Amino acid sequence: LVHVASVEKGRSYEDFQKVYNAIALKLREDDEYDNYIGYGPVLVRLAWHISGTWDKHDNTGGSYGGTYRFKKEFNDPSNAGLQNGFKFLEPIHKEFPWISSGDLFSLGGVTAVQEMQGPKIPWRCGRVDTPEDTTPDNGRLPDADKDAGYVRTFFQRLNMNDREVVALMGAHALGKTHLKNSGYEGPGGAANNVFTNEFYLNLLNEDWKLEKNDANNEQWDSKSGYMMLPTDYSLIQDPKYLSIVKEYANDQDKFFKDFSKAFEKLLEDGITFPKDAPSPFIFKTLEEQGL
Ligand code: HEM
């Protein structure tokens, strides 16, 4: 399967910076969502789940085709709760009907991270919508109730290595688990709509307790009111993972730099970019624009 990036006709940096600003302006406006967390965390989760279907072996799945717009992927049990990120973006797609679905879902994730004061993420245009029959089947996204060997093995399919996996998981400092979506409940920290390295700090400094929640699932709970998933706590159980966790709890700039590279790579897996294709765009935030 080859998927070649095709820039939307005649579009350039300024067009996509207009779509960025539209998403970012609505993130500021619709602030009440999920008890004032706002839409940013569900939008970086949506960009991860449309990319996380990729399989390196046959180049199926991935962010290129925008296939989450089809019922099979929209109704995947693993995507429960992401309909709220879709409905947030649907106004903006009506306003810029020329951007492809893959591009709009991935730029929403980029915009949310930078607007929640994360690192800049280089983003590239050119994903092309593909037919309903290209939609990957349910079951390619990871279970939460498993251990470190499962996480390592699952992420080899998206060929991410240990460092990349640990840098990507730092995004679980954002938002929260919702019992009616996943059977898990609670936030992982106090700053859950500002991008920081707090996931790593909480993992190493809190007093975790294995408890059973109302959906009868086990999760790691702390006195402070935070929770960690079994696959999250996995990172301090494995010796290779645990020493990268310590590296990111001791250096927030290295965390930001490595997250930026692994999230771009995540979003680009499966796509062939021609050598005459434009460079990756670095978008300015509303704040850097005085907007
Ligand atoms: C083995 C890996 C992973 C598993 C099992 C997993 C699982 C989960 C689960 C069960 C939730 C709760 C969903 C809900 O109830 O609403 C969640 C939320 C979230 N995850 Fe993951 N995740 C994984 C990796 C990642 C990665 C790599 C990213 C992003 C780079 C990510 C970003 C998020 C975000 C931002 C949320 C919060 C959503 C919200 O607030 O609504 N996840 N994760």
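Residues numbered from 1 in each chain as written, not as in the entry; some residues may be left out. Heavy atoms only, no water. Residues with missing side-chain atoms left out of burial classes, pairs and counts.

- This entry, as listed in the PDB, derives from X-ray crystallography and reports a resolution of 2.1 Å.

**Structural notes on the overall build of the chain**
Okay, step 1: If you tally the helices and strands in the chain, you get 14 helices and three strands.
Okay, step 2: By the compact-globule yardstick of 19 Å for 291 residues, the chain fits well, its C-alpha radius of gyration being 18 Å.
Okay, step 3: The dimensions of the chain, computed from C-alpha atoms along their principal axes, are 55 × 45 × 35 Å.
Okay, step 4: The contacts in the chain between residues at least 6 apart in sequence include a share of 75% that link residues at least 24 apart. (Helix = DSSP H or I, 4+ residues; strand = E, 2+ residues; numbered from the N terminus. Rg over C-alpha atoms; globule rule 2.2 N^0.38 Å. Contact = heavy atoms within 4.5 Å.)

**Side note on the coordination of the iron atom of the ligand**
Okay, step 1: Of all protein atoms, just one serves as a donor to the iron atom of the ligand, and that atom is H172 (NE2), at 2.0 Å.
Okay, step 2: By secondary structure assignment, the location of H172 is in the loop between α8 (162–169) and α9 (179–182). (Donors = N, O, S within 2.8 Å, 3.2 Å for Na, K, Ca; no water.)

**Remarks on the packing of aromatic side chains**
Okay, step 1: In this structure the tally under the stated criterion is 31 aromatic pairs.
Okay, step 2: Measuring from ring centre to ring centre gives 4.7 Å for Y39 and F88, while their planes differ by 40°; the resulting arrangement is tilted. Here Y39, found in the loop between α2 (33–36) and α3 (40–51), pairs with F88, found in helix α5 (residues 83–95); they are 49 residues apart in sequence, far enough to count as distant. Accessibility assignment for this pair places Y39 and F88 in one class, buried. (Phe/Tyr/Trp six-rings, centres within 6.5 Å; stacked < 30°, edge-to-face > 60°. Buried < 20%, exposed > 50% of the residue type's maximum accessible area, 1.4 Å probe, protein only.)

**A short note on the packing of helix α7 (residues 148–156) against α8**
Okay, step 1: Packing of α7 against α8 leaves a shortest axis separation of 10 Å and a crossing angle of 105°. Judged by the inter-axis angle, α7 sits roughly perpendicular to α8. Mapping the contact onto sequence places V151, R152 and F155 in α7 and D162, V165, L168 and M169 in α8.
Okay, step 2: Looking at side-chain class alone, the contact of α7 with α8 contains five nonpolar, no polar and two charged residues. (Axes fitted to C-alpha atoms, helices over the stretch in contact; angles between N-to-C directions. Parallel < 35°, antiparallel > 145°, perpendicular 65-115°, else oblique. Nonpolar A, V, L, I, M, F, W, Y, C, P; charged D, E, K, R; others polar.)

**As for the side chain of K26**
Okay, step 1: Here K26 lies in helix α1 (residues 13–29).
Okay, step 2: With a relative accessible area of 16%, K26 lands in the buried category.
Okay, step 3: For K26, the contacting residues outside a window of four places in its chain are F88, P91 and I92.

**Side note on the layout of surface pockets**
A probe matching the size of a water molecule, rolled over the atoms, marks out where space remains unfilled.
Okay, step 1: Taken as a whole, the largest pocket holds about 1200 Å³ of empty space.
Okay, step 2: Those elements that place two or more of their residues in the lining of the largest pocket are α2, α3, α7, α8, α9, β3 (227–228), α11 (230–237) and α13 (252–268).
Okay, step 3: Among the elements that make up the lining of the largest pocket, the one with the highest residue count is α3 (six residues).
Okay, step 4: A class-by-class count of the residues in the lining of the largest pocket yields 27 nonpolar, 15 polar and seven charged.
Okay, step 5: Residue-level mapping places the lining of the largest pocket at the junction of two domains, with at least three residues from each of domain 1 (1–141 + 263–291) and domain 2 (142–262).
Okay, step 6: The computed volume of the second largest pocket comes to approximately 260 Å³.
Okay, step 7: What lines the second largest pocket is a set of 16 residues, and nearest its centre among them are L27, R28, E115, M116 and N193.
Okay, step 8: Those elements that place two or more of their residues in the lining of the second largest pocket are α1, α3, α6 (101–115) and α14 (286–289).
Okay, step 9: Counting residues per element, the lining of the second largest pocket draws most heavily on α1, at three residues.
Okay, step 10: When grouped by side-chain class, the residues that make up the lining of the second largest pocket number nine nonpolar, three polar and four charged. (1 Å grid on protein atoms, 1.4 Å probe; cavity = no way out; pocket = protein on both sides within 12 Å on 5 of 7 lines; lining within 4 Å. Points joined across faces, edges and corners; volume = space filled by probe spheres on them. Domains from an automatic or database assignment.)

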